[PDB]
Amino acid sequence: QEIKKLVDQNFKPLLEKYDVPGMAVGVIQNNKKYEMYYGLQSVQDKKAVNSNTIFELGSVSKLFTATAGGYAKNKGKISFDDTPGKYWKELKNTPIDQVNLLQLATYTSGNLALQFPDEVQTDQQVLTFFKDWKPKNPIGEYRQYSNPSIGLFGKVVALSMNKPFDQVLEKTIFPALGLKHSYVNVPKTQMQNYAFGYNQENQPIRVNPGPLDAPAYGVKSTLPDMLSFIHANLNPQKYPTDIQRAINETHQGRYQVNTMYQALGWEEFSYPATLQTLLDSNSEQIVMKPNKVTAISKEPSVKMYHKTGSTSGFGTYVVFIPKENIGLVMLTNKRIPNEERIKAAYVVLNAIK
């Protein structure tokens, strides 16, 4: 009743403030979905954002990679104590076959940065990168937010399931989540629904191919689909047994970096959380530098979870709180500062609770 008015108060000004052509905000509360749409999926085409608009999720893709890993661990196909060598035959007995599937997933190999270097691109020279991989920091002790790390994990998960990564998500994970319009590759019959992203010059753009892009930042979805994914995270008991387990796996905190608990993809906090706690989670320091991990001391009673994502032309934020049975999704076709994403959501979900 007030939900639409709250989103209007808190999300709608951001379109003018950052010259964002288009935005989709979804709220799910007590199993009722609310969708709110603003502006255009394509400026040049004057095509409006609607329930069919496909946006790039950026690193919110990692939540799908994490979920696919939980599914594989609960079908017996993998173990999070394993190392890559067990699956990627060409890496076995190399120094990367010393780091385990969990550590890759949660960014602790000691020696992986946010990107593969630009020169790495083909299937052949990704293999060579990890062959010549040599340690630096103490395996398992330092959190380094990393596309190569989680990418490796996804590629491994795919190996364990026999099928390439793109097929794991589209033939296995997305259907098991009831998602009808989420893709690693947008088919031809859906290109008309794929938004333009818009860069900082407001030029229209879409995501560039890169090494192990699919598992790290390569998923595209709609607002109804993302609201179903949040529904699943809030109420997994209803889903097939194996995806229930996969989902519960993604909620288990593994370590803390001060006040952010790292789960499989999801960031976890004690609920209620202060706004500032939610922001610090995505600081330069956490995001860009290595940081020393600490074991979980206070196991939070009531937990919330979040994740940001960005491609060059798109912004995503996703948040849910199990015990309040509430969640939010924001999708945009121009990046806005992570902090503005996190803050508007804070004010809406509080105002409703």
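In this text, rigid core is short for the largest set of C-alphas that superpose within 1.5 Å between two forms. Numbering starts at 1 and runs along the sequence shown.
Remark: when the other structures in 9 other deposited structures of this protein are fitted onto this one via the rigid core, 133 to 141 deviates more than the alternative among 133 to 141 and 185 to 193, judged by RMS CA distance. Two stretches are in play, 186 to 194 and 126 to 134, and the higher mean C-alpha B-factor belongs to 126 to 134. Relative to one another, 227 to 235 and 95 to 103 have unequal mean CA B-factors, and 95 to 103 is the one with the higher figure.
Highest C-alpha temperature factor among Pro204, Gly218, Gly110, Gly265 per the entry: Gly110. Highest C-alpha temperature factor among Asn30, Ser61, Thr67, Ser297 per the entry: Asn30. When the modelled residues of the chain are ordered by C-alpha B-factor, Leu6 sits in the middle third. In the deposited entry, the Cα temperature factor of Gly39 sits in the bottom third of values across the chain's modelled residues. In the deposited entry, the Cα temperature factor of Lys303 places it in the middle third of its chain's modelled residues.
Split the chain's modelled residues into thirds by C-alpha temperature factor. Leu349 is in the middle one. Sorting the modelled residues of the chain by their CA temperature factor places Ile286 in the middle third.
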